[PDB]
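Structure file structure_14.cif (mmCIF, C-alpha atoms) is printed below.
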```cif
data_my_file
#
loop_
_atom_site.label_atom_id
_atom_site.label_comp_id
_atom_site.auth_asym_id
_atom_site.auth_seq_id
_atom_site.Cartn_x
_atom_site.Cartn_y
_atom_site.Cartn_z
CA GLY R 1 0.00 0.00 0.00
CA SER R 2 0.95 3.64 -0.48
CA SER R 3 2.75 4.55 2.75
CA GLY R 4 0.29 2.32 4.59
CA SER R 5 0.13 -1.40 5.34
CA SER R 6 -0.69 -3.82 8.16
CA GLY R 7 2.57 -4.30 10.04
CA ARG R 8 3.13 -2.34 13.24
CA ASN R 9 6.80 -1.86 14.10
CA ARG R 10 9.02 0.08 16.50
CA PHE R 11 9.78 3.52 15.07
CA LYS R 12 11.43 6.65 16.46
CA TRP R 13 11.32 10.22 15.13
CA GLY R 14 14.48 12.11 14.24
CA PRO R 15 16.05 15.48 15.11
CA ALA R 16 14.77 17.14 11.94
CA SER R 17 11.52 15.23 11.41
CA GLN R 18 10.16 15.97 14.88
CA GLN R 19 10.75 19.70 14.41
CA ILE R 20 8.79 19.53 11.16
CA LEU R 21 5.84 17.98 13.00
CA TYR R 22 5.81 20.86 15.49
CA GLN R 23 5.95 23.52 12.77
CA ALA R 24 2.89 21.85 11.23
CA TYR R 25 1.06 21.14 14.49
CA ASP R 26 1.54 24.74 15.60
CA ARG R 27 -0.46 25.85 12.56
CA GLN R 28 -2.98 23.00 12.39
CA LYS R 29 -3.86 20.73 15.31
CA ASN R 30 -5.69 18.31 13.01
CA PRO R 31 -3.74 17.92 9.74
CA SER R 32 -5.66 16.34 6.86
CA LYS R 33 -4.45 14.13 4.01
CA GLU R 34 -2.80 17.31 2.74
CA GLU R 35 -1.36 18.63 6.01
CA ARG R 36 -0.22 15.26 7.34
CA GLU R 37 1.22 14.27 3.96
CA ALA R 38 3.31 17.45 3.81
CA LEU R 39 4.92 15.98 6.93
CA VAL R 40 5.36 12.47 5.54
CA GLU R 41 7.45 13.65 2.60
CA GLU R 42 9.14 16.57 4.36
CA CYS R 43 10.25 14.36 7.24
CA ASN R 44 11.50 11.38 5.24
CA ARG R 45 13.30 13.96 3.11
CA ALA R 46 15.09 15.81 5.91
CA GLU R 47 15.92 12.43 7.45
CA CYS R 48 17.82 11.37 4.33
CA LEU R 49 19.68 14.68 4.17
CA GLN R 50 20.84 14.75 7.80
CA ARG R 51 21.66 11.05 7.58
CA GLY R 52 23.47 11.78 4.33
CA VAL R 53 21.00 9.54 2.50
CA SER R 54 19.03 10.80 -0.50
CA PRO R 55 15.49 12.22 -0.18
CA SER R 56 14.60 10.15 -3.24
CA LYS R 57 15.37 6.83 -1.56
CA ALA R 58 13.52 7.25 1.74
CA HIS R 59 11.97 3.86 1.02
CA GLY R 60 15.17 2.57 2.61
CA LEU R 61 14.59 4.28 5.95
CA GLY R 62 12.41 1.25 6.66
CA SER R 63 11.96 1.32 10.43
CA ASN R 64 12.89 5.00 10.20
CA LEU R 65 10.47 5.68 7.35
CA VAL R 66 7.63 8.14 7.96
CA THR R 67 4.07 7.55 6.77
CA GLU R 68 0.61 9.11 7.07
CA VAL R 69 0.17 6.83 10.08
CA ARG R 70 3.36 7.90 11.85
CA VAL R 71 2.20 11.52 11.68
CA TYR R 72 -1.34 10.51 12.64
CA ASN R 73 -0.03 8.87 15.82
CA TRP R 74 2.31 11.69 16.80
CA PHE R 75 -0.44 14.29 16.38
CA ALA R 76 -2.83 12.04 18.30
CA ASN R 77 -0.47 11.82 21.28
CA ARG R 78 0.29 15.54 21.16
CA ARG R 79 -3.44 16.16 21.55
CA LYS R 80 -4.00 13.46 24.17
CA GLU R 81 -1.21 14.74 26.42
CA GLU R 82 -2.17 18.42 26.24
CA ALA R 83 -5.71 17.41 27.19
CA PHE R 84 -4.38 15.08 29.89
CA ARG R 85 -3.60 17.76 32.48
CA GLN R 86 -7.26 18.64 31.94
CA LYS R 87 -8.62 15.09 31.76
CA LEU R 88 -7.06 14.21 35.12
CA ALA R 89 -8.96 17.18 36.54
CA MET R 90 -12.40 16.00 35.44
CA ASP R 91 -12.07 13.24 38.03
CA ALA R 92 -13.35 13.59 41.59
CA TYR R 93 -11.70 15.70 44.29
CA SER R 94 -11.14 18.42 41.69
CA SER R 95 -12.46 21.80 40.53
CA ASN R 96 -15.28 20.12 38.63
CA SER R 97 -18.08 17.57 39.05
CA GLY R 98 -17.19 13.94 38.45
CA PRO R 99 -17.45 10.34 39.71
CA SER R 100 -15.09 8.88 42.32
CA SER R 101 -12.20 6.55 41.51
CA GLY R 102 -9.02 5.19 43.06
#
```
Have the structure of the file written as structure tokens, please.
Amino acid sequence: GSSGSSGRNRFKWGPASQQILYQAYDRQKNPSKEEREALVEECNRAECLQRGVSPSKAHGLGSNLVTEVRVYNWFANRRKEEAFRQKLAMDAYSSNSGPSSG
């Protein structure tokens, strides 16, 4: 499939890629096929440059290859964490109504 196939694997962002994600997230919290994509190619590209590799052979990155999914996950976590500090407040014994739990 085009930058998408059943086969979860351990992957870690890079020094350049990550930054790219932030620059995009700062503008749009929910990037669409267009927004996200711009990060899939941009990242894989910068990754090849910094790593000396070519931006036209990212396919090699393999475990270090970025795909619509990768960006989808990163953005998902960036939104889940920011809301966390607030989600943990909705619980009981807080400045808002909510059920008890321990």
ask   = atom CA of residue R:52 to atom CA of residue R:77: how many Å, to one decimal?
value = 29.3 Å
task = Find the residues around residue R:73 up to 12 Å (all atoms listed in the file counted), leave out those fewer than 3 positions away in its own chain, and share them as a VMD selection string.
result = chain R and resid 8 11 to 13 21 30 to 31 36 66 to 70 76 to 80
ask   = Residues around (-13.8, 5.4, 41.6), cut-off 9 Å, counting all atoms listed in the file - what are they as a count of residues only?
value = 6
inquiry  = So that I can see what lies close to residue R:37, please list as a list in words the residues with an atom at most 10 Å from it, counting all atoms listed in the file and leaving out residues fewer than 2 positions away in the same chain.
reply    =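 Near neighbours after the sequence-gap exclusion: residues 3, 31, 32, 33, 34, 35, 39, 40, 41, 42, 43, 66, 67, 68, 69, 71 and 72 of chain R.
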message = My list of candidates is R:85, R:59, R:45, R:51. Which is closest to residue R:17 when distances are computed with all atoms listed in the file?
response =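 Using all atoms listed in the file, residue R:17 sits closest to R:45.
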remark   = residue R:26 proximity check over R:75, R:5, R:58, R:10, using all atoms listed in the file: winner is R:75
Need the axis-aligned box for stretch 44-58 of chain R with 3 Å each side, so what are the centre and edges in Å to one decimal, as AutoDock Vina command-line options?
```
--center_x 17.5 --center_y 11.3 --center_z 2.3 --size_x 18.0 --size_y 15.0 --size_z 17.0
```
note = Between atom CA of residue R:65 and atom CA of residue R:82 lies a distance of 26.1 Å
ask   = Which residue gives the smallest distance to residue R:49 among R:84, R:14, R:89, R:97, with all atoms listed in the file counted?
value =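 So, comparing all the options, the nearest one is R:14.
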message = What's around residue R:9 at 10 Å? Count only C-alpha atoms, leave out sequence neighbours fewer than 5 positions away in its own chain, and write the answer as a ChimeraX atom specification.
response = /R:62-64
Could those residues be written to a file, using C-alpha atoms, as an mmCIF file, in the coordinates of the input?
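File produced: part28.cif:
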```cif
data_model
loop_
_atom_site.group_PDB
_atom_site.id
_atom_site.type_symbol
_atom_site.label_atom_id
_atom_site.label_comp_id
_atom_site.auth_asym_id
_atom_site.auth_seq_id
_atom_site.Cartn_x
_atom_site.Cartn_y
_atom_site.Cartn_z
ATOM 1 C CA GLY R 62 12.410 1.250 6.660
ATOM 2 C CA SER R 63 11.960 1.320 10.430
ATOM 3 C CA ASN R 64 12.890 5.000 10.200
#
```
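Nearest to residue R:18 of all the residues R:81, R:44, R:2, R:98 is R:44, based on only C-alpha atoms.
Atom CA of residue R:15 is positioned 8.8 Å from atom CA of residue R:50.
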